[PDB]
Amino acid sequence: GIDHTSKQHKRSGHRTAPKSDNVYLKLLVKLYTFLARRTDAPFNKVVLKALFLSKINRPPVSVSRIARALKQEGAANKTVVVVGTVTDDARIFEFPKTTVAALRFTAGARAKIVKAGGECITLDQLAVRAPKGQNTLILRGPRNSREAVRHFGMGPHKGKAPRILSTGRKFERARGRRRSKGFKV
Amino acid sequence: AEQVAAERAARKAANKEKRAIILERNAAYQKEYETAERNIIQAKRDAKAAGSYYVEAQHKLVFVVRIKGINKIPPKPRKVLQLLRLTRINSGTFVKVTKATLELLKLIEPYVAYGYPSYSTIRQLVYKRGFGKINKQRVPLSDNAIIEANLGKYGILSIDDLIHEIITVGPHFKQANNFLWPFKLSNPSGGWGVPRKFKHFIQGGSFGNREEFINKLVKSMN
Amino acid sequence: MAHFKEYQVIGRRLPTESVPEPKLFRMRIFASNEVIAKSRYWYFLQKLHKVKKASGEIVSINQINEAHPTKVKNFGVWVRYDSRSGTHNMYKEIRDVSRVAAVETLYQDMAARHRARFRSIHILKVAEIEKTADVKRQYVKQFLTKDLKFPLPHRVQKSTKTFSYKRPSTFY
Amino acid sequence: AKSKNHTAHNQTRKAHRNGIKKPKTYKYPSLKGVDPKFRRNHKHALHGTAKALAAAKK
Amino acid sequence: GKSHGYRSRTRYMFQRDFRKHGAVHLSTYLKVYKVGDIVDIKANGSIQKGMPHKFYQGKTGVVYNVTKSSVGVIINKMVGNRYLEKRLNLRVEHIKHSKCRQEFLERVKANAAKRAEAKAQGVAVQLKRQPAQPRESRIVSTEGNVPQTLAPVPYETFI
Amino acid sequence: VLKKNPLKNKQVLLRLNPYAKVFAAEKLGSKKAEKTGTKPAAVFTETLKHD
RNA sequence: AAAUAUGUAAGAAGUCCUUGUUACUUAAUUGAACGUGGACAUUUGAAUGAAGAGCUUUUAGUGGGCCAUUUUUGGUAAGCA
RNA sequence: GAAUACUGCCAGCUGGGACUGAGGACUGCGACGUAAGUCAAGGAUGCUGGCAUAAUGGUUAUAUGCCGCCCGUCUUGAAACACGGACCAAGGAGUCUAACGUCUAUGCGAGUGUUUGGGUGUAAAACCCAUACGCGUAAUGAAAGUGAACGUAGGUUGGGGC
Ligand SMILES: [K+]
Ligand SMILES: [Mg+2]
Ligand SMILES: [Mg+2]
Ligand SMILES: [Mg+2]
Ligand SMILES: [Mg+2]
Ligand SMILES: [Mg+2]
Ligand SMILES: [Mg+2]
Ligand SMILES: [Mg+2]
Ligand SMILES: [Mg+2]
Ligand SMILES: [Mg+2]
Ligand SMILES: [Mg+2]
Ligand SMILES: [Mg+2]
């Protein structure tokens with residue numbers, strides 16, 4: 001017998017492969033597995049781990065987010081890397097000439113980036129021209145902006161959104177929500 | 001001539017000078033042990049001649065063997081056995097003697113047998129059952145290069161250097177001891193010597209402090 | 001544990017600034033090994049003084065051998081022991097060649113006749129009786145008569161084999 | 001038919017199964033329950049010292 | 001029925017000490033508490049305002065808020081399987097400074113002094129505390145201290 | 001692939017610890033000690049024999 | 001007035017030296033809290049261990065218990081409660 | 001003045017027995033040798049014999065030694081003097097639907113959703129499509145209403161990657 005201080009046969013809890021059957025994604029995973037093994041650059045390891053992520057853990061990254069990231073000093077000539085989708089944004093009216101490498105570009109995002117003088121690039125061409133992740137800039141999208149996150153942690157005084165179908169007066173705005181009707185949360 | 005011999009000769013020359021370093025260290029450690037023993041003996045003789053008494057230095061090191069199974073242990077001793085890394089019966093660890101550790105042993109006393117190891121016991125234990133904890137894995141030592149790869153920053157280049165860092169509780173004792181995996185000992189070859197183990201050694205049992213008799217017990221256990 | 005050795009154990013309180021050089025209390029202990037001898041020394045200093053192992057030190061432990069281990073001696077042994085319903089002093093005498101074996105005899109004797117374990121016995125004193133007529137117990141004094149001699153009738157001989165072919169005798 | 005009324009038996013083993021955890025203190029704790037006069041001052045002191053820092057750095 | 005009021009089972013721990021009743025001495029009120037100070041809670045039974053609950057008797061916490069006559073003390077309370085942050089508003093009658101944190105602050109000053117001297121002379125000043133080490137060898141002289149002691153003693157009635 | 005114990009297999013015992021050759025070549029495990037004629041003191045002997 | 005059990009602390013979110021912010025505070029260029037700059041070196045301030053450490057979502061069964069050592073209530077007691 | 005007991009050490013030598021032989025070119029650490037090589041040094045080889053078939057082995061029946069209470073169920077507790085079950089075959093129990101939560105996959109993404117319907121067709125398929133409509137891109141208030149940049153869309157502390 002052994003006095004087990006820890007739970008036995010415990011899986012790491014991390015994805016080691018994409019959950020999908022996309023063969024082109026699996027080819028990208030194979031390429032960045034080779035790069036994350038034969039190169040010591042932590043960029044290839046971070047890109048490889050991001051290639052395993054689910055959809056909610058790969059939020060889209062807008063072109064306005066990319067332009068804001070390019071307003072940083074020393075980052076004008078960098079290569080923006082989005083392991084996921086670059087969506088479009090009409091809120092902006094100027095776009096810098098830059099190189100963006102991403103899994104997917106929406107039609108609007110690709111048009112805006114190309115019209116700005118830049119180029120859209122896949123992660124394999126990213127690997128070819130920047131094998132060690134030279135002057136790259138990895139961007140991620142907002143994960144807690146998801147609508148499901150609003151209801152996480154519901155409870156008294158937590159200030160969270162109830163899981164509700166119909167919204168308005170007569171829908172959970174009474175006893176328990178105001179002092180005049182019983183109490184307030 | 002694809003450049004194999006040049007680095008092979010560089011490696012053999014490096015290995016030779018490393019073995020010369022280990023040899024000269026081991027010679028100086030042997031003379032250190034020899035004088036440490038002879039001085040104590042001659043000090044006792046001198047004190048007897050002068051009519052006084054020579055009280056020896058209290059032992060800095062103990063070896064602790066968990067002699068009890070894993071069922072029905074109260075939480076406080078269970079935690080202390082986990083902290084001393086005795087998770088299965090007949091496991092053993094070295095402990096530096098301080099007030100904190102002595103209270104730990106005084107608290108797990110009914111489940112362990114401990115005492116003061118000798119140089120022969122430590123040497124045979126490390127040579128025969130010494131495994132290192134390397135990248136969370138239990139690696140048989142079997143080579144000086146492994147110990148130098150994991151303890152080389154502490155100046156411990158060989159198994160003899162590890163043994164000295166255990167027998168004399170050096171500055172890097174904590175790192176060398178934790179690098180050693182908990183020794184997995186067998187049951188004693190001639191038995192425990194008592195009808196019932198779970199009394200104190202003073203009361204004819206097996207647990208507790210049996211200070212110098214731990215050597216004979218551990219030798220039969222490995 | 002009954003293979004008793006006799007140790008002298010000299011201990012003292014730990015020296016302090018008020019009282020350097022304490023008084024070196026010394027006892028004679030019968031025990032199988034040095035660990036039990038030291039433990040018995042601290043047990044008796046615990047009971048007889050306000051000294052405990054935490055605030056004390058052992059300055060010497062030495063085994064005492066018999067001066068003449070092949071000379072027959074009459075030993076008077078004063079003991080106190082705890083019976084099942086009280087505490088009692090007794091005086092006994094063991095005719096034997098050494099103090100350690102006399103103590104072995106008394107521990108066996110006290111276990112046989114009074115069901116008193118080593119846990120329950122304190123050896124107050126073991127003393128050589130210098131001359132006869134200071135012996136008081138008839139079971140020892142009867143062995144001191146001049147020209148002592150006695151037969152051993154009814155010899156029972158241990159047999160190496162299961163079966164015998166001779167109807168054995170008990171002559172001797 | 002009466003049943004058992006109460007016991008704390010097994011409750012500590014359950015509590016220690018996932019451990020008893022300290023509440024993970026942060027730098028800059030919340031100013032909830034602090035004196036409002038102090039909070040009102042501290043807002044202006046922070047505003048002024050950020051103004052001075054930004055003016056110096058430019 | 002059962003009774004579980006606010007001050008239940010506080011009969012002895014809200015006593016004043018024997019021959020220590022009456023008014024509070026002014027050194028209680030002349031003590032200065034800052035935010036971050038570590039304090040010990042012990043209710044003075046003669047002041048029934050700002051009194052801590054019976055749970056917090058003997059608890060030690062950190063001051064987060066300082067008001068006119070009271071301090072805000074943060075205490076970690078074990079509720080179920082975790083500790084919950086609890087915030088108390090206690091008058092300074094029921095509050096004293098942690099003397100252990102006073103010696104910790106003095107030790108910090110002493111450690112700085114030792115390192116300051118060692119930066120000039122005597123390097124490797126070895127700041128860390130160490131546990132009680134085993135004793136070294138010694139020579140116990142017998143001259144004038146001849147060992148002399150007797151054996152266990154016989155049983156006597158003493159009644 | 002297989003743990004070879006020292007204390008046997010003198011090849012492995014020599015792979016580790018190169019001093020073992022000198023230890024064997026000099027019989028350091030059976031070293032004879034220098035004779036010393038330092039007697040115990042009378043107060044020690046009398047204390048030991050004291051009742 | 002014990003024993004056992006129990007709170008807290010043992011530093012980098014630290015310490016010290018200057019001088020900055022404020023509508024709070026002081027008689028005050030006094031403090032309070034938060035800072036700029038500077039100094040502290042690898043023992044970053046006891047021991048042992050750490051099997052990875054933190055964090056989140058969501059959902060099952062369960063919500064009759066019983067036994068032993070010790071403490072302990074009712075009861076003559078109980079394989080009683 | 002010696003010996004011996006006891007306890008301990010040897011990186012002292014050696015005899016008998018038992019179980020195991022995992023891996024499968026080489027690499028390493030070594031040792032003995034002036035080197036060249038050799039070896040018990042990152043896991044067994046060499047030599048020899050018999051049989052080449054029911055001989056070994058498998059299955060099966062039996063015997064012998066030891067062990068083995070009737071399953072399912074409710075229960076703190078079942079072999080129970082608790083209940084269901086004489087036997088066998090076949091049938092026999094978490095399904096589909098409306099709406100929905102978390103998670104995952106896919107498409108497109110400030111949008112998204114063709115299939116109410118129209119067009120067409122090799123005709124309940126496949127293919128093509130307008131306007132709307134749903135959800136989303138704005139919240140808050142009982143409501144009348146009003147409705148999101150002082151600032152490189154702020155400061156501080158961490159923070160992967162660069
Ligand atoms: K009940
Ligand atoms: Mg045997
Ligand atoms: Mg009032
Ligand atoms: Mg139920
Ligand atoms: Mg049977
Ligand atoms: Mg059943
Ligand atoms: Mg029955
Ligand atoms: Mg029924
Ligand atoms: Mg029936
Ligand atoms: Mg039926
Ligand atoms: Mg069927
Ligand atoms: Mg069915």
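Order of the sequence lines fixes the chain letters, A, B, ..., with proteins taken first and strands second; residue numbering starts at 1 for each chain.
- Scanning for salt bridge (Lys or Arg N to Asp or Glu O under 4.0 Å) contacts around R150(A) gives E147(A), with sequence neighbours left out.
- Between the side chain of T106(A) and the base of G109(H), no donor-acceptor pair under 3.5 Å is found.
- The bases of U62(H) and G141(H) do not line up as a Watson-Crick or G-U pair with both contact lengths under 3.5 Å.
- Atom CG of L2(F) is separated from atom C1' of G43(H) by 5 Å (rounded to the nearest Å).
- With both atom-pair distances required to fall under 3.5 Å, a Watson-Crick or G-U wobble pair links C32(H) to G37(H).
- With both distances required under 3.5 Å, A61(H) does not pair with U48(H) in Watson-Crick or G-U wobble fashion.
- Atom CD in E117(E) sits about 15 Å away from atom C1' in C40(G), given to the nearest Å.
- Distances shorter than 4.0 Å separate none of the side-chain N or O atoms of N76(E) from OP1 or OP2 on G7(G).
- Base-pair annotation: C133(H) with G113(H) meets the Watson-Crick or G-U wobble criterion (two N/O distances, each under 3.5 Å).
- With hydrogens and angles left out, the side chain of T25(D) and the base of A13(G) share a donor-acceptor pair within 3.5 Å.
- A donor-acceptor pair shorter than 3.5 Å can be found between the side chains of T121(B) and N215(B).
- Taking 3.5 Å as the limit, the base of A32(G) and the side chain of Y33(E) contain no donor-acceptor pair of atoms between them.
- For the pair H9(D) NE2 and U76(H) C1', the computed distance is 13 Å after rounding to whole Å.
- Pairing check for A89(H) against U106(H): the two fail the Watson-Crick or G-U wobble geometry, since the two atom distances are not both under 3.5 Å.
- Residues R91(A) and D89(A) are paired through a salt bridge, judged by an N-O separation under 4.0 Å between the basic side chain and the carboxylate.
- The CD-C1' distance, from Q134(A) to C162(H), rounds to 11 Å in whole Å.
- Residue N17(F) is classed as a base contact, given a heavy-atom separation below 4.0 Å to a base.
- Applying the 3.5 Å distance criterion, the base of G107(H) shares a donor-acceptor pair with the side chain of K55(A).
- A donor N or O paired with an acceptor N or O is not found under 3.5 Å between the base of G12(H) and the side-chain atoms of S30(F).
- Between the CG atom of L7(F) and the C1' atom of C13(H) there is a distance of 16 Å, given to the nearest Å.
- Nucleotides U26(G) and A77(G) fail to qualify as a pair under the Watson-Crick or G-U wobble definition, as the contacts are not both shorter than 3.5 Å.
- Interatomic distance, CD1 of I108(B) versus CZ of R78(B), reported as 14.5 Å (0.5 Å rounding).
- No donor-acceptor contact under 3.5 Å links the side chain of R169(A) to the base of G141(H).
- A donor and an acceptor atom sit less than 3.5 Å apart, one in the side chain of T85(A) and one in the base of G109(H).
- The base of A10(G) sits with one of its N or O atoms less than 3.5 Å from a complementary donor or acceptor on the side chain of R129(E).
- Using the rule of two distances under 3.5 Å, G17(H) and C39(H) do not count as a Watson-Crick or G-U wobble pair.
- A donor-acceptor contact under 3.5 Å links the side chain of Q11(F) to the base of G30(H).
- Consecutive residues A142(H) and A143(H) stack, with base ring centres under 5.5 Å apart and planes meeting at under 30°.
- With both distances required under 3.5 Å, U43(G) does not pair with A28(G) in Watson-Crick or G-U wobble fashion.
- Taking the charged nitrogens against the carboxylate oxygens, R15(F) and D143(B) have no contact shorter than 4.0 Å, which rules out a salt bridge.
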N/O contacts under 3.5 Å, protein versus nucleotides 152-154 of chain H?
unit_1: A153(H); atom_1: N3; unit_2: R68(A); atom_2: NH2; d: 2.8

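- Remark: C1' of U42(G) and CD of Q175(B) are 12 Å apart, rounded to the nearest angstrom.
- Base engagement by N111(E) is indicated by at least one non-hydrogen atom pair under 4.0 Å involving a base atom.
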